[PDB]
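Worksheet: the structure to be examined is printed underneath.
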Amino acid sequence: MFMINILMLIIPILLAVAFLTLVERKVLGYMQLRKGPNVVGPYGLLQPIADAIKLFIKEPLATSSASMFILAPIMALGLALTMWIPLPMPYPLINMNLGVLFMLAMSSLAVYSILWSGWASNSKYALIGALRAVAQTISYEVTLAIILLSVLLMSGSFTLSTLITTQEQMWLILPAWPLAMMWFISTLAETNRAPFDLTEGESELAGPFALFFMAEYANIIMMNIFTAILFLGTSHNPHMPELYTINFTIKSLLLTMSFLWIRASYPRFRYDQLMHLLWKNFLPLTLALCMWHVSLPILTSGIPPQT
Amino acid sequence: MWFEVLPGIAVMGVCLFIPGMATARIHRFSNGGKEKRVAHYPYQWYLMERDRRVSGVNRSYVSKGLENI
Amino acid sequence: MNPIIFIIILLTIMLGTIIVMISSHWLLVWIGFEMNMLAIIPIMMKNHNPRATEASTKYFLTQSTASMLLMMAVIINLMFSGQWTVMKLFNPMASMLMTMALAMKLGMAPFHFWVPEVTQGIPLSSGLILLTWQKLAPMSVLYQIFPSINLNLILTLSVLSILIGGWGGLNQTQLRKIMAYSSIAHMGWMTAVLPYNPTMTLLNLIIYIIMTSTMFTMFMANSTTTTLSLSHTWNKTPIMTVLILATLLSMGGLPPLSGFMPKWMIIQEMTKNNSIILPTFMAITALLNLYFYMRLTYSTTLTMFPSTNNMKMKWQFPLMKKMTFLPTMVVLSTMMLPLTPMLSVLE
Amino acid sequence: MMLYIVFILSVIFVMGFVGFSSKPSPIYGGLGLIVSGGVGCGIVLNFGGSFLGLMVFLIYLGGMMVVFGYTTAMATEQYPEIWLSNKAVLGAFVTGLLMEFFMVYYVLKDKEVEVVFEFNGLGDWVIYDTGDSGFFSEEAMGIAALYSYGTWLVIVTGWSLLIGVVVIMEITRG
Amino acid sequence: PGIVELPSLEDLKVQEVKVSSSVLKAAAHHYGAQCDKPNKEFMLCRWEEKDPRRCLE
Amino acid sequence: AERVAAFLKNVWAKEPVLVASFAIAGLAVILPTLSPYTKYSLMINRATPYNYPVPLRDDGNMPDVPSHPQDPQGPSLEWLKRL
Amino acid sequence: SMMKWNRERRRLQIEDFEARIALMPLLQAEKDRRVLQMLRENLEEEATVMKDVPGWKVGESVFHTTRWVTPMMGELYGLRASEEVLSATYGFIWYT
Amino acid sequence: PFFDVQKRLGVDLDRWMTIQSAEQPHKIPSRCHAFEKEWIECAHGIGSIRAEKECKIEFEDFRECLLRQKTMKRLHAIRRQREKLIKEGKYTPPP
Amino acid sequence: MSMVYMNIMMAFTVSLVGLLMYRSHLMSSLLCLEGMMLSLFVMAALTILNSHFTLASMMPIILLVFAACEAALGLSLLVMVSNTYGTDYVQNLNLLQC
Amino acid sequence: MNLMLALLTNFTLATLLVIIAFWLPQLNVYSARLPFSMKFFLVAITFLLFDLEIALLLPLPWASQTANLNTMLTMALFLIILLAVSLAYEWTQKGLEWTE
Ligand SMILES: CCCCCCCCCCCCO[C@@H]1O[C@H](CO)[C@@H](O[C@H]2O[C@H](CO)[C@@H](O)[C@H](O)[C@H]2O)[C@H](O)[C@H]1O
Ligand SMILES: CCCCCCCCCCCCO[C@@H]1O[C@H](CO)[C@@H](O[C@H]2O[C@H](CO)[C@@H](O)[C@H](O)[C@H]2O)[C@H](O)[C@H]1O
Ligand SMILES: CCCCCCCCCCCCO[C@@H]1O[C@H](CO)[C@@H](O[C@H]2O[C@H](CO)[C@@H](O)[C@H](O)[C@H]2O)[C@H](O)[C@H]1O
Ligand SMILES: CCCCCCCCCCCCO[C@@H]1O[C@H](CO)[C@@H](O[C@H]2O[C@H](CO)[C@@H](O)[C@H](O)[C@H]2O)[C@H](O)[C@H]1O
Ligand SMILES: N=C(N)NC(=N)NCCc1ccc(I)c(Cl)c1
């Protein structure tokens with residue numbers, strides 16, 4: 001029974017990633033006064049399938065270390081799917097008492113796939129590009145962890161389903177919209193999304209490729225699902241759980257679509273400029289707001305329950 | 001037109017609806033039609049293990065009421 | 001270094017030591033060593049050269065290894081007693097590991113190899129801290145765990161240090177290496193008496209620190225790091241040569257000078273315990289140190305070495321180094337023997 | 001059997017240690033330490049150390065070991081030497097691997113063993129606590145107490161981290 | 001060292017409350033009000049004797 | 001004072017992010033001491049019964065100790081209900 | 001709004017915790033008998049199994065004190081089936 | 001401590017975590033709390049030289065609770081004997 | 001002792017022997033130093049958790065924090081060595097022989 | 001068991017996808033220092049030191065449940081302020097600059 005449940009999560013995640021590539025292309029297209037894919041299947045609905053087949057029968061074009069060349073994509077894709085197993089939608093696949101910490105711990109491991117693939121590139125210049133990407137990723141891990149802790153001081157625990165209870169009456173975006181703003185931007189920078197897509201930017205100044213792409217786009221969906229739960233909590237009715245799933249899916253779709261919207265709207269940061277955005281802007285505010293959110297429940301007598 | 005973007009969004013939305021809807025219905029099927037019991041702390045695990053013994057069939061989700069008194 | 005940062009780093013070195021000395025919990029003792037080691041590395045590196053980087057790295061590896069062994073002893077002690085109180089350990093394997101860890105930190109033979117190399121590679125002021133202040137924290141732990149220390153292990157460490165320290169100094173012309181090997185020998189006296197009377201350990205430690213500080217301060221006043229450089233002192237600061245002579249004879253343990261006192265009292269305590277062969281062997285072996293102290297006095301004060309013409313330019317300028325506490329330290333280093341009974345304050 | 005899960009994890013723990021302790025290329029040594037870190041978390045998890053187990057992942061693996069690999073790629077090795085191609089590494093790896101297997105064989109055969117010291121071999125489950133029905137995590141209560149009982153621990157720890165920043169900036173300025 | 005004294009299997013027998021935890025949770029608040037006295041007498045015994053064998057009655 | 005206001009306008013123009021950070025951090029340090037509600041945080045935390053309330057052996061000289069949970073003696077949470 | 005809801009959540013936690021406190025004497029009474037029954041059952045089998053071991057005294061304490069000592073896991077489930085032991089040892093840690 | 005500043009000032013810097021029978025959050029007791037308490041109370045104020053000999057019974061009991069070596073050894077004996085008899089078919093275990 | 005302590009104690013010994021038997025890379029010896037910490041963290045956590053020493057639950061975290069800070073210092077020394085010679089080889093750190 | 005199954009499924013699937021991704025029918029018959037930059041090293045180290053302070057703050061949601069709130073709030077703010085001081089020191093010592 002449990003193995004069926006795992007597959008009813010793994011398979012839809014990969015299908016959702018496939019069709020996000022179509023949605024991204026069509027949303028970007030219409031914001032650019034054009035259409036995007038509309039020939040390969042009606043309204044382009046077969047475009048992800050054609051792309052997927054094409055990439056997997058392409059020539060799989062020497063690695064500096066075979067073990068790490070293969071480890072990096074397995075790590076990326078395996079970790080990406082793992083981040084989904086504690087998500088309450090409304091019931092998690094695995095109900096963890098410390099689910100928020102688990103997601104923080106697993107996400108911190110994702111930078112190894114960047115590091116390992118840079119080592120296996122066998123090229124001095126690709127290793128340097130990987131190290132620049134790693135420095136960006138760990139920099140924005142700092143604010144994400146501190147922002148998350150600030151929010152949990154209103155929730156009371158590290159259990160993800162408690163965020164639902166915390167937002168029974170009101171979305172956490174209202175008491176914490178300054179944190180929501182930096183959290184949202186931090187996720188963009190964390191996933192190397194525009195205007196923080198410096199790996200693809202700086203770089204230009206088959207199956208293995210597809211696998212890394214699936215991992216990244218799964219992370220994009222997951223981060224926006226996490227954002228919906230963290231700040232736009234949906235109400236759970238235990239006798240009609242599908243009502244929660246519909247409302248929570250719509251919010252996650254809209255948050256994901258706003259990632260595309262933002263890509264279509266702005267130029268790119270310089271590397272040093274996105275480092276200053278973190279170390280000189282977000283981190284000072286995040287630290288001050290962390291002190292504020294430690295004090296606020298105490299001074300209002302609004303400390304949440306431990307359980 | 002922009003509403004030709006919807007079919008791809010609909011497929012994506014149905015793909016993301018399946019995990020949550022499947023988990024909830026699998027939980028009811030496996031737990032006698034009720035929510036799966038949450039036991040994050042030793043006290044809740046102790047009650048669940050006592051429920052298993054009291055059930056008479058080794059299922060913590062099979063409940064005995066005043067009929068057993 | 002920024003002067004304010006240098007002060008804060010010096011205070012952190014002191015704070016780490018103080019934490020070790022006031023702690024009743026083994027974790028806080030370990031933290032004190034960690035904090036102390038973190039703050040001392042920047043003053044080993046401050047002159048930025050390959051020799052100072054090698055010394056800082058050799059020092060880091062030794063102290064980090066010793067701190068890991070210390071934490072092992074603490075955790076083994078917790079497993080077999082269920083408590084963290086700083087006192088006798090409750091497991092002989094834990095006692096050996098902590099004794100070995102503290103011997104490594106003090107640079108006792110045969111864990112001594114780093115002391116001459118690290119001292120040579122760092123500035124005089126940093127060597128002054130390394131060979132004096134840094135002995136305080138490990139010795140204060142040994143002061144509290146000595147009931148559970150293996151007697152054979154500690155006395156073997158002491159005897160080896162007195163031999164290695166004495167022999168190692170015979171081959172040295174670098175003043176920092178002479179002080180390093182001198183330090184190793186003096187540590188052996190401190191630990192040899194610890195099983196019998198820890199008070200005498202404190203007496204030896206305090207007096208050693210005073211004479212060691214005096215010598216380093218006098219080397220710093222003249223910027224002398226080699227024997228031959230020190231041999232030019234007579235033709236610049238004749239008073240300094242006399243002070244160096246008196247202090248070296250004191251570190252040699254010659255009566256009627258202060259440095260006789262710790263050797264005198266250690267021999268007494270060991271004989272009260274029917275230890276006769278060991279104190280006699282130690283006293284005779286300490287003649288090795290006297291030999292290479294006397295060698296320095298010959299080239300510094302009791303003979304006049306050749307000079308250089310440019311030295312005349314130095315005659316026209318005064319000493320501007322701080323020489324802080326030097327007049328007090330030199331008088332304590334040489335003239336304290338008549339006050340020996342004052343050691344009871346350390347009881 | 002799953003009743004020996006902690007022991008099985010501990011066996012894997014040792015093999016990972018023999019991995020990097022024989023010191024292949026630091027790229028592979030770093031990999032061996034990461035696998036041992038994950039397995040070490042699993043051992044801690046099975047003793048009720050949920051928060052402690054996840055700190056190894058978050059801090060030891062996601063923080064310290066990431067910085068180790070970052071530094072290795074930048075200042076030590078950029079291309080790993082083929083694993084076990086060196087004779088001493090292969091000999092040290094084989095020597096440690098055989099010692100572990102001989103330990104594991106005997107403890108499982110006799111349900112005890114004396115490797116210098118006496119170790120029981122019935123399974124670590126036997127020493128576990130038999131009564132637990134509190135409404136909280138004891139590990140969480142103990143860790144949370146850092147802010148009520150451990151004022152002095154917070155002060156010295158926080159101070160040391162600030163000095164860590166100051167010291168490292170001094171070291172590297174050169 | 002001596003022998004751990006244990007009560008016989010018969011001295012432990014009693015009629016069980018074989019209802020599930022949701023039944024107990026539902027009745028808990030009235031149960032605490034109604035059965036307070038024998039319950040508190042038992043808990044005093046346990047915390048004073050520190051021995052389950054001494055509070056079987 | 002006027003020099004204080006001129007300094008604040010300058011930083012507000014050039015570094016509004018840092019000005020906001022310091023203002024928020026200052027409020028976090030100060031407001032708990034000025035808030036009339038901070039005292040209830042102490043009381044609510046203490047009123048949460050994590051472990052069992054072990055009863056006292058009645059020696060006949062405890063008029064302030066309730067005999068039954070529903071007796072009047074003992075702490076009341078009526079202040080918490082109205083909160 | 002967050003202050004009001006969290007205050008209500010604290011009142012709801014207290015009510016939940018007081019339900020546990022009401023039931024704790026009953027659960028404690030059951031836990032005592034279950035533990036003693038298991039120990040007594042382990043004692044019957046020891047008398048049979050260690051009947052002809054020279055010097056063995058059945059049910060002898062390993063502690064000098066006569067104070068009651070809480071048994072560890074191997075003392076209660078020492079001779080029981082592996083499935084029950086696994087649930088008693090790792091069931092809570094492994095639960096979802 | 002080498003310098004007992006804590007006692008001189010009355011400040012508790014680290015004594016609170018030195019033993020497991022000290023005060024704990026929510027009165028959560030350690031498994032060997034009663035054994036540690038007995039040993040500490042036996043040895044209090046007489047000095048470690050005397051306590052090593054006179055509180056040996058309390059300390060041996062406490063060490064048994066800590067590491068459970070004798071208990072595990074006894075269980076090893078009973079299990080080993082039971083396997084022998086079952087291997088010889090002389091014993092059938094009850095349900 | 002319990003069976004797990006055998007392997008955890010063995011792991012520390014393996015890493016200690018690894019640390020004391022240097023090869024060439026200074027980084028390799030730093031990894032053994034952090035392996036020693038890891039085995040210490042696990043052994044301390046197991047003892048503290050099993051004994052239900054509640055307040056000691058924070059100790060492994062403190063050990064982890066301080067040991068990570070020590071490792072950061074060690075890594076800084078390694079890069080300074082690497083900047084001087086172009087490698088982290090310990091055979092280059094032999095100037096203080098004389 | 002469930003979490004172990006989930007992890008094994010996720011990574012086992014990832015391995016399989018990599019497998020077929022590398023082997024499909026083709027139909028054909030015929031250790032120096034990497035141009036070391038000190039600034040990127042200091043970013044990693046700074047991340048590490050801030051990550052260790054975050055480790056110390058993670059317990060805060062549980063710590064707020066204490067009755068010793070006076071001590072707990074003072075220590076929580078003290079830790080965060082010291083984190084801010086660390087950032088302020090790095091900032092004013094040009095540790096956050098990418099020029100030169
Ligand atoms: C997602 C599931 C998809 C299932 C689809 C199953 C279809 C299986 C049949 C695949 C046929 C692929 O067809 C073949 O692919 C390889 C990909 O390198 C191409 O390339 C191959 O041939 C050329 C020469 O022609 C070689 O130089 C090259 O090294 C080799 O890779 C071929 O030019 C193409 O003819
Ligand atoms: C080098 C740094 C220089 C700065 C030195 C600063 C030292 C600060 C010392 C802090 C500890 C002060 O002293 C200690 O404080 C805390 C409250 O604050 C008290 O602790 C109190 O709260 C906890 C919770 O139960 C328990 O420790 C105890 O129950 C209670 O006494 C201690 O009883 C008191 O002894
Ligand atoms: C330098 C090596 C560095 C790696 C260290 C590796 C970890 C070492 C683990 C040590 C833990 C075992 O420590 C050892 O355990 C046994 C178990 O009873 C103790 O007991 C043993 O000696 C005493 C002697 O009176 C008695 O208990 C008994 O004869 C015997 O069992 C030892 O007194 C203790 O020294
Ligand atoms: C660089 C070092 C920086 C260190 C920064 C430390 C800043 C600390 C600022 C606030 C510290 C005290 O903050 C707050 O003050 C008020 C003063 O009435 C205390 O008092 C309040 O709560 C207590 C409960 O304990 C009530 O009994 C009291 O009636 C109530 O007024 C709070 O308990 C405390 O939470
Ligand atoms: N970036 C875009 N949105 N367009 C785009 N060309 N994406 C990449 C195409 C792609 C990659 C993997 C898979 I599986 C699929 Cl189905 C499609």
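Every chain in the structure tokens has a letter given in the order shown (A, B, ...), and although residue numbers restart at 1 in each chain, ligands are simply numbered from 1 in the order shown.
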* Selection within 8 Å of ligand 5 by only C-alpha atoms and all ligand atoms, output as an NGL selection string -> :A and (14 or 17-25 or 47-52 or 55 or 209-211 or 213-214)
* Test item, alpha helix (DSSP H) assignment across segment 85-144 of chain D, answer as a ChimeraX atom specification -> /D:87-110,138-144
Output the selection as a CSV table (one decimal), in the first residue's frame - C-alpha atoms for each residue.
chain,number,residue,atom,x,y,z
D,87,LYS,CA,49.8,0.6,-2.8
D,88,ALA,CA,49.8,2.0,0.7
D,89,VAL,CA,46.2,3.2,0.4
D,90,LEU,CA,45.1,-0.2,-0.9
D,91,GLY,CA,47.1,-2.0,1.8
D,92,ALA,CA,45.7,0.2,4.6
D,93,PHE,CA,42.2,-0.1,3.2
D,94,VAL,CA,42.4,-3.9,2.9
D,95,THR,CA,44.0,-4.2,6.4
D,96,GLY,CA,41.3,-2.2,8.1
D,97,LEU,CA,38.5,-3.9,6.1
D,98,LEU,CA,39.7,-7.4,7.2
D,99,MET,CA,40.0,-6.3,10.8
D,100,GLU,CA,36.4,-5.1,10.8
D,101,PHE,CA,35.1,-8.3,9.2
D,102,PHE,CA,36.9,-10.5,11.7
D,103,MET,CA,35.4,-8.4,14.5
D,104,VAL,CA,31.9,-8.7,13.0
D,105,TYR,CA,32.2,-12.4,12.3
D,106,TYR,CA,33.1,-13.4,15.9
D,107,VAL,CA,30.6,-11.1,17.7
D,108,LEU,CA,27.8,-12.5,15.5
D,109,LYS,CA,29.0,-16.1,16.0
D,110,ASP,CA,29.3,-16.0,19.8
D,138,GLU,CA,13.2,14.6,26.0
D,139,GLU,CA,16.0,15.4,23.5
D,140,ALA,CA,14.1,18.6,22.5
D,141,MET,CA,13.6,19.6,26.2
D,142,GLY,CA,17.3,19.2,26.9
D,143,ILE,CA,18.4,21.1,23.8
D,144,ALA,CA,15.8,23.9,24.5
* **Residue contacts of residue 35 of chain F (10 Å, only C-alpha atoms) excluding same-chain residues fewer than 6 positions away, as a PyMOL selection string** => chain A and resi 298-301
Using C-alpha atoms, can you export the residues from the last selection as a compact mmCIF listing (two decimals), in the first residue's frame?
# COMPACT_ATOMS: atom_id res chain seq x y z
CA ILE A 298 6.67 37.09 24.28
CA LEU A 299 5.66 40.75 24.43
CA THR A 300 2.15 40.10 23.08
CA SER A 301 1.67 36.87 25.07
* Within 10 Å of ligand 3, counting only C-alpha atoms and all ligand atoms: which residues, as an MDAnalysis selection string? -> (chainID C and resid 69 72:73 75:77 79:80 90:97 100) or (chainID D and resid 116:119) or (chainID H and resid 63 67 69) or (chainID I and resid 1 5:17)
Mind writing the picked residues with N, CA and C atoms as an mmCIF file, in the first residue's frame?
data_model
loop_
_atom_site.group_PDB
_atom_site.id
_atom_site.type_symbol
_atom_site.label_atom_id
_atom_site.label_comp_id
_atom_site.auth_asym_id
_atom_site.auth_seq_id
_atom_site.Cartn_x
_atom_site.Cartn_y
_atom_site.Cartn_z
ATOM 1 N N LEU C 69 41.890 13.956 21.714
ATOM 2 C CA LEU C 69 42.172 12.924 22.706
ATOM 3 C C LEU C 69 41.586 13.291 24.059
ATOM 4 N N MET C 72 37.895 12.529 23.986
ATOM 5 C CA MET C 72 37.739 11.087 24.164
ATOM 6 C C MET C 72 37.793 10.688 25.631
ATOM 7 N N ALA C 73 38.812 11.150 26.353
ATOM 8 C CA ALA C 73 38.911 10.813 27.766
ATOM 9 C C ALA C 73 37.673 11.277 28.516
ATOM 10 N N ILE C 75 34.600 11.670 27.310
ATOM 11 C CA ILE C 75 33.435 10.867 26.954
ATOM 12 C C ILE C 75 33.537 9.468 27.551
ATOM 13 N N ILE C 76 34.732 8.878 27.547
ATOM 14 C CA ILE C 76 34.916 7.600 28.226
ATOM 15 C C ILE C 76 34.612 7.749 29.708
ATOM 16 N N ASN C 77 35.053 8.852 30.308
ATOM 17 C CA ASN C 77 34.766 9.101 31.713
ATOM 18 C C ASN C 77 33.266 9.223 31.958
ATOM 19 N N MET C 79 30.905 7.740 30.223
ATOM 20 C CA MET C 79 30.298 6.423 30.066
ATOM 21 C C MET C 79 30.416 5.595 31.339
ATOM 22 N N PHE C 80 31.520 5.736 32.064
ATOM 23 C CA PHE C 80 31.811 4.888 33.209
ATOM 24 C C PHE C 80 31.512 5.542 34.550
ATOM 25 N N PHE C 90 37.435 8.329 36.253
ATOM 26 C CA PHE C 90 36.889 7.080 36.768
ATOM 27 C C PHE C 90 37.149 5.908 35.830
ATOM 28 N N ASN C 91 38.254 5.939 35.111
ATOM 29 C CA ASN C 91 38.575 4.871 34.182
ATOM 30 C C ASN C 91 40.040 4.984 33.778
ATOM 31 N N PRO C 92 40.852 3.945 33.987
ATOM 32 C CA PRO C 92 42.290 4.082 33.707
ATOM 33 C C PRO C 92 42.609 4.410 32.263
ATOM 34 N N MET C 93 41.838 3.898 31.305
ATOM 35 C CA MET C 93 42.077 4.265 29.915
ATOM 36 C C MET C 93 41.802 5.744 29.691
ATOM 37 N N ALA C 94 40.770 6.283 30.339
ATOM 38 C CA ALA C 94 40.512 7.714 30.247
ATOM 39 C C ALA C 94 41.659 8.514 30.846
ATOM 40 N N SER C 95 42.210 8.047 31.968
ATOM 41 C CA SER C 95 43.310 8.761 32.605
ATOM 42 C C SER C 95 44.536 8.812 31.706
ATOM 43 N N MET C 96 44.868 7.697 31.051
ATOM 44 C CA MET C 96 46.015 7.698 30.149
ATOM 45 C C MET C 96 45.789 8.642 28.980
ATOM 46 N N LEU C 97 44.574 8.660 28.436
ATOM 47 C CA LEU C 97 44.295 9.517 27.291
ATOM 48 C C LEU C 97 44.360 10.987 27.671
ATOM 49 N N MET C 100 48.092 11.839 28.355
ATOM 50 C CA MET C 100 48.805 11.980 27.093
ATOM 51 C C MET C 100 48.387 13.247 26.362
ATOM 52 N N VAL D 116 40.455 -6.533 22.773
ATOM 53 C CA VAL D 116 41.068 -5.746 23.837
ATOM 54 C C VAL D 116 40.100 -5.673 25.013
ATOM 55 N N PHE D 117 38.902 -5.147 24.777
ATOM 56 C CA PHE D 117 37.878 -5.009 25.798
ATOM 57 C C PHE D 117 36.691 -5.912 25.479
ATOM 58 N N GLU D 118 35.884 -6.174 26.505
ATOM 59 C CA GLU D 118 34.762 -7.098 26.400
ATOM 60 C C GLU D 118 33.530 -6.368 25.888
ATOM 61 N N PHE D 119 32.922 -6.907 24.836
ATOM 62 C CA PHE D 119 31.730 -6.328 24.239
ATOM 63 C C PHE D 119 30.649 -7.393 24.147
ATOM 64 N N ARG H 63 27.439 1.773 38.614
ATOM 65 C CA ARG H 63 28.097 1.375 37.380
ATOM 66 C C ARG H 63 27.333 0.263 36.675
ATOM 67 N N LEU H 67 26.153 0.829 32.647
ATOM 68 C CA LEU H 67 26.580 0.022 31.516
ATOM 69 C C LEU H 67 25.917 -1.343 31.447
ATOM 70 N N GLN H 69 26.501 -4.347 32.481
ATOM 71 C CA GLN H 69 27.328 -5.469 32.045
ATOM 72 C C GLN H 69 26.880 -6.777 32.685
ATOM 73 N N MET I 1 30.634 -3.963 27.365
ATOM 74 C CA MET I 1 29.786 -2.888 26.926
ATOM 75 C C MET I 1 28.880 -3.306 25.774
ATOM 76 N N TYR I 5 29.257 0.242 20.902
ATOM 77 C CA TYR I 5 30.448 0.944 21.367
ATOM 78 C C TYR I 5 31.718 0.367 20.768
ATOM 79 N N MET I 6 31.720 -0.926 20.449
ATOM 80 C CA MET I 6 32.893 -1.527 19.831
ATOM 81 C C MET I 6 33.249 -0.805 18.543
ATOM 82 N N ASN I 7 32.274 -0.657 17.647
ATOM 83 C CA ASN I 7 32.551 -0.083 16.339
ATOM 84 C C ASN I 7 32.797 1.418 16.426
ATOM 85 N N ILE I 8 32.076 2.116 17.301
ATOM 86 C CA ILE I 8 32.294 3.552 17.441
ATOM 87 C C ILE I 8 33.677 3.827 18.012
ATOM 88 N N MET I 9 34.097 3.042 19.005
ATOM 89 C CA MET I 9 35.456 3.168 19.518
ATOM 90 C C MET I 9 36.474 2.800 18.451
ATOM 91 N N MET I 10 36.171 1.781 17.649
ATOM 92 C CA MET I 10 37.059 1.403 16.559
ATOM 93 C C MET I 10 37.185 2.528 15.540
ATOM 94 N N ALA I 11 36.071 3.177 15.204
ATOM 95 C CA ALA I 11 36.108 4.249 14.217
ATOM 96 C C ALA I 11 37.015 5.382 14.670
ATOM 97 N N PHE I 12 36.941 5.752 15.947
ATOM 98 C CA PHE I 12 37.843 6.773 16.461
ATOM 99 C C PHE I 12 39.293 6.337 16.324
ATOM 100 N N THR I 13 39.587 5.084 16.670
ATOM 101 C CA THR I 13 40.953 4.586 16.563
ATOM 102 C C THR I 13 41.430 4.588 15.119
ATOM 103 N N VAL I 14 40.565 4.188 14.188
ATOM 104 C CA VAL I 14 40.938 4.200 12.778
ATOM 105 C C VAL I 14 41.292 5.616 12.342
ATOM 106 N N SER I 15 40.458 6.592 12.703
ATOM 107 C CA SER I 15 40.738 7.970 12.315
ATOM 108 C C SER I 15 41.951 8.527 13.049
ATOM 109 N N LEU I 16 42.171 8.118 14.300
ATOM 110 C CA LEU I 16 43.373 8.539 15.013
ATOM 111 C C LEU I 16 44.629 7.988 14.349
ATOM 112 N N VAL I 17 44.615 6.710 13.970
ATOM 113 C CA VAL I 17 45.750 6.152 13.242
ATOM 114 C C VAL I 17 45.906 6.853 11.900
#
* Asked: If you count only C-alpha atoms, which residues fall within 8 Å of residue 78 of chain I, apart from same-chain ones fewer than 3 positions away, as a list in words?
  -> residues 57 of chain C; 26, 27, 74, 75, 81, 82 and 88 of chain I
* To do: May I ask you to write as a ChimeraX atom specification all residues lying at most 8 Å from ligand 2, with only C-alpha atoms and all ligand atoms counted?
  => /C:15 /D:145,148-152,155-156 /H:10-13,16,23-25 /J:68,71
